[PDB]
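Before any questions on binding or motion, here is one chain by itself as structure tokens, the form deposited in one PDB entry.
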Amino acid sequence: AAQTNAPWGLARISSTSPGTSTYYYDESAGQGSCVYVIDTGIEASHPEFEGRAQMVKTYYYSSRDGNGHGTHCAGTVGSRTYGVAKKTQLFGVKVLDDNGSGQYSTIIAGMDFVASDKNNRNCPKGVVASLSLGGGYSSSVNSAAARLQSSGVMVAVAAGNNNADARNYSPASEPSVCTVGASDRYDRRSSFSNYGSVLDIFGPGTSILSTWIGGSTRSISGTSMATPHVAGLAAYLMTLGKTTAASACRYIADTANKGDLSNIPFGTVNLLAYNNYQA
């Protein structure tokens, strides 16, 4: 299948060169898999989700996304027009408030929640967890991320936007999960993207168009936008039967476009997420 005039990030992931505008993908499009977006919530009623999205847990007064960040990330994972895995099932867990902030204890609770909750869901092709969040190093937060991954969920986390070594940032510094850096449409590391040896892969993160609250759309930037590109790609590859939750990150790195990125510091991988689609 092919989405013509697709957002640059989607075209990039199914391309071997920058500057193309068609997103080529397998029609299975991630159906049968499930992706938990642990963020500010998801506007499930948005037309772009076609009823494939649902709030599953809040840690605040309401489960609605009053911020937009979570809805944006979810859209990149699996909305019809802006998503990587267009037929995946989306579950929202609101651990961040409408200002986009949350405390470590509730973020940890949200992760433990997902590890348990996936056991009551029908996700035959696999389960993915997308975490476009993070803060200063915390061994408890890293530990919660490692537990989720070991429970059998493919965990993808943002590297962070401090243009620094991701080793001092928690979600990102946990070695067992998939740490995602950001790149722009000219194949340069995004100027805000953290880097370092803990990064596993890079994904499109600068000026990413996706869904927004109020049934709208908006273009924003961040490793927060790169993360869902690979969470969505993992779901897509899992329903294709190419990999499993435990090895998806390594599989994505193994099959990535290598050496294409510029502005990559020595010691940081030069790998860009690639679906390897051949029609």
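Throughout, we count residues from 1 along the sequence that is shown.
Separately, the form deposited with a small molecule bound exists; it is not shown, and the next lines address it.
The small molecule is not drawn, but in the entry with it bound it has no heavy atom within 4.5 Å of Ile108. Using a 4.5 Å cutoff between non-hydrogen atoms, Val198 does not count as a contact of the small molecule in the entry with it bound. Residues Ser21, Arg185 and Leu209 are all found to lie within 4.5 Å of the small molecule in the entry with it bound, as judged by heavy atom distances.
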